Amino acid sequence: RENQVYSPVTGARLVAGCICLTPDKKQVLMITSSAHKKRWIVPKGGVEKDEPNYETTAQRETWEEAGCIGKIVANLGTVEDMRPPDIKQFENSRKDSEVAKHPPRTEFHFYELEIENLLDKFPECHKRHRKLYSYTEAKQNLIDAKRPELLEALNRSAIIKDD
Ligand SMILES: O=P(O)(O)CP(=O)(O)O[C@@H]1[C@@H](OP(=O)(O)O)[C@H](OP(=O)(O)CP(=O)(O)O)[C@H](OP(=O)(O)O)[C@H](OP(=O)(O)O)[C@H]1OP(=O)(O)O
Ligand SMILES: [Mg+2]
């Protein structure tokens, strides 16, 4: 709906979410996408006009999409969805190549959460799957999902990478 908030600069959709970790920090909670039911992503969603901070949105989305409750233990900062929207799709340099200039689709504000509880019933528990994954499994899931920005957020978290 038109509750959604956008960057006044880039027009990017403002989204907040959580990298939800086990207390031992060996695993991260992932959910299946609403649009692409095969892809494993992390809980996140559009900030709404009434929400006073990104943490509110992140914990609301973590509950709604993953039935996950916990405490925010770190600000993981921002990442951008840099996915393009058929004239000149690339702007090559002399020792490198890039996709043609465009604004970000989405500006993501991520928090690290320590999981305190996982509930069986939650708003989207019939529309999504949710599962804990080690770093290596999570990394592969977010590459498979084509979401390097979500992996960047995971890499900033305290998740144990030495598997
Ligand atoms: O209807 P349109 O084609 O104009 C937009 P689309 O539905 O394809 O966008 C969805 C979005 O659904 P919507 O905002 O409720 O319409 C999802 O929103 P939901 O999770 O269904 C509801 P939310 O906005 O999170 O409260 C989630 O967007 P996001 O808000 O989680 O970033 C998806 O992202 P993802 O599941 O692929 O990661 C994102 O798909 P994407 O644009 O990434 O292909
Ligand atoms: Mg979402």
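Chain A uses Swiss-Prot numbers throughout; the residues present, in order, are 20-104, 110-187.
Just so it is clear, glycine is given a Cβ too, placed from its N, Cα and C backbone atoms.
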Swiss-Prot has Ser52, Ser53, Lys63, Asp100, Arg152, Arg171, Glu173 down as binding P(1),P(5)-bis(5'-adenosyl) pentaphosphate; which of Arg32, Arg118 does it also list for that site?
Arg32
Within 10 Å of each Cβ, count the other Cβ atoms, then let me know which of the binding-site residues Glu80, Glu173 comes out lowest.
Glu173
How many Å separate the Cα atoms of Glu80 (Mg(2+) 2 binding site) and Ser52 (P(1),P(5)-bis(5'-adenosyl) pentaphosphate binding site)?
13
I want to check the contact list for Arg152 (P(1),P(5)-bis(5'-adenosyl) pentaphosphate binding site): same chain, sequence separation of six or more, C-beta distance under 8 angstroms. What comes out?
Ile50, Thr51, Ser53, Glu84, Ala85
Have a look at the binding-site residues (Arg32, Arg102) and report the one with the fewest Cβ neighbours inside 10 Å.
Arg102
